[PDB]
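J.: got an experimental structure here, sequence first:
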Amino acid sequence: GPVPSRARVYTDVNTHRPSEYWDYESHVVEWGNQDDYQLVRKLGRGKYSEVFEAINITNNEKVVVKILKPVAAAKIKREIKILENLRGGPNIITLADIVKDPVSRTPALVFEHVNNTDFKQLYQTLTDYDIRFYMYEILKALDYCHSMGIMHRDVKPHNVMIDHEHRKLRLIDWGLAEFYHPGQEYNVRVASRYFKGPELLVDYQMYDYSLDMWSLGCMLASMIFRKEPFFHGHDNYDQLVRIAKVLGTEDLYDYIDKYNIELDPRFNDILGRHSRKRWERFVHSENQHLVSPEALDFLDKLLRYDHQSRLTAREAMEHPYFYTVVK
Ligand SMILES: Nc1ncnc2c1ncn2[C@@H]1O[C@H](COP(=O)(O)OP(=O)(O)OP(=O)(O)O)[C@@H](O)[C@H]1O
Ligand SMILES: N#CCc1c[nH]c2ccc(Cl)cc12
């Protein structure tokens, strides 16, 4: 069968911590008072929750309430444990409280409010300097959660909130996050289609923190090249073909050979034979202002089929792409 794999960093974090840290099933939730919060307006409804802007009437402060849809108690206690473990970490959304919603009879997570800049506005107006600045801020959040034995598994633009006026960034929506345990087989039905790592697309379950780095690479590529999304697959199979049209098929076959993976036979008549493309092929007069040799080198080191070969968040912070960023 497949060859096992482990992260090259933060491998032993969860074994050295007390079991209470990662055993989220055993965690006893400390319930707050639901009357402290007055719902103001529905912000959205996702697959697993309804999000509302609300006011904390005990301090007059704006909050965001996420009322979970009844799904599975295991998924709920896991998100709570991760948010509590990560609380106070750099650029990590702060969980302010946990209440029982009187209508849904389900938990409602209360978060600090971010006066966030519109997502299209961000996509359309962030400068070269702003992309480097904010990528550096995401890297602080990712290295923190990875050093804490947690993988996000849903890195994408909508999950990265920016209040551009205050140059404030927050990594949100920890509902797909999981504790990393070496040798554990994880569910590959994670991350949004355009941000899914090749490991997910080839059904390799023994993945790790490096999945977040691929997703970050997809975000970066879309920003610097002005192509939204960068890898535009019609479904999970065509998503891998879209990647192969850029990275090529030879390195893909080397990847599956290394891990003794068998590609789903549906790929035999759709994958084709593609050479790896040079990143300069995606440069044009409308994105030249966001591209540099340092940006292309950085991207190249994130977007690699072999998960073990990608830059870690801490190595990524050392990259020349960030030398211009004020620290
Ligand atoms: N802490 C927060 N502060 C301010 N707004 C938030 C906060 N958390 C979530 N939101 C906002 O809540 C609204 C609804 O979010 P939801 O979870 O439904 O994600 P989405 O943008 O709707 O979709 P997806 O994640 O699937 O792309 C979004 O506009 C999101 O920006
Ligand atoms: N794509 C896109 C837009 C965007 C949303 N959140 C972001 C965080 C960082 C950067 Cl560079 C860009 C974004």
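T.: Ah, there it is. Numbers count the residues shown, from 1 in each chain. Ligands and ions are numbered 1, 2, ... in the order given.
J.: going forward, measure contacts between C-alpha atoms and count neighbours the same way
T.: Will do.
J.: and the protein, what are its domains?
T.: Using curated CATH domains, the domains assigned to the chain come out as 5-22+114-327, 23-113.
J.: can those domains go into a markdown table with extra columns for mean neighbour count?
T.: What follows is the domains of the chain, written out as a markdown table (neighbours: other C-alpha atoms under 10 Å):
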| stretch | mean neighbour count |
| --- | --- |
| domain 5-22+114-327 | 18 |
| domain 23-113 | 16 |
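J.: ligand 2: which of those is closest?
T.: Minimum separation from ligand 2 across the domains of the chain (C-alpha to the nearest ligand atom) falls at domain 5-22+114-327, 4.0 Å.
J.: ok, the residue of the stretch 151-300 of the chain found nearest ligand 1 - contacts?
T.: Closest residue of the stretch 151-300 of the chain to ligand 1, C-alpha to the nearest ligand atom: residue 158 (5.1 Å). By C-alpha atoms under 8 Å, 6 or more residues apart in numbering, the contact set of residue 158 is residue 119.
J.: how near is the most centrally placed residue in the chain to residue 28?
T.: Taking C-alpha atoms, centre = their mean, the centroid of the chain lies closest to residue 155, which sits 1.7 Å from it. Per C-alpha to C-alpha, to the nearest Å, residue 155 is found 28 Å from residue 28.
J.: enumerate the residues of the stretch 151-300 of the chain near ligand 2.
T.: Neighbours of ligand 2 within the stretch 151-300 of the chain, by C-alpha under 6 Å from any ligand atom: 157, 158, 160, 161, 219, 223.
J.: got TSV for the residues you listed, with secondary structure too?
T.: Below are those laid out as TSV (DSSP: H, G, I helix; E, B strand; the rest coil):
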residue	secondary structure
157	helix
158	helix
160	strand
161	strand
219	helix
223	helix
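J.: tell me the one of those residues nearest residue 143?
T.: Residue 143 lies nearest to residue 160 out of those, by C-alpha to C-alpha, at 15.0 Å.
J.: may I have the beta-bridge partners of that closest one?
T.: Bridge pairing for residue 160 (DSSP bridges) gives the partners residue 171.
J.: strands of the stretch 51-200 of the chain, start to end?
T.: Listed in chain order, the strands of the stretch 51-200 of the chain (DSSP state E, counting those that start in this stretch) span 61-68, 95-100, 107-112, 150-151, 160-163, 168-171, 178-179.
J.: residue 283: which of those is closest?
T.: Set against residue 283 and scored by C-alpha to C-alpha, those come closest in strand 160-163, at 25.4 Å.
J.: grab the nearest non-local neighbour of residue 322.
T.: residue 132 (6.1 Å; C-alpha to C-alpha, 6 or more residues apart in numbering).
J.: kindly report the same for residue 260.
T.: The nearest residue in space to residue 260 (C-alpha to C-alpha, 6+ apart) is residue 2, at 4.7 Å.
J.: now do residue 127
T.: Take residue 127 and drop its neighbours on the chain: the residue closest to it by C-alpha to C-alpha, 6+ apart is residue 290, 7.1 Å away.
J.: and that neighbour, how far from residue 91?
T.: Taking C-alpha to C-alpha, one finds residue 290 at 24 Å from residue 91.
J.: same check, this time on residue 163
T.: On the measure of C-alpha to C-alpha, residue 163 and residue 91 end up 12 Å apart.
J.: what do these two both touch?
T.: Counting by C-alpha under 8 Å, 6+ apart, the residues touching both residue 163 and residue 91 are residue 169.
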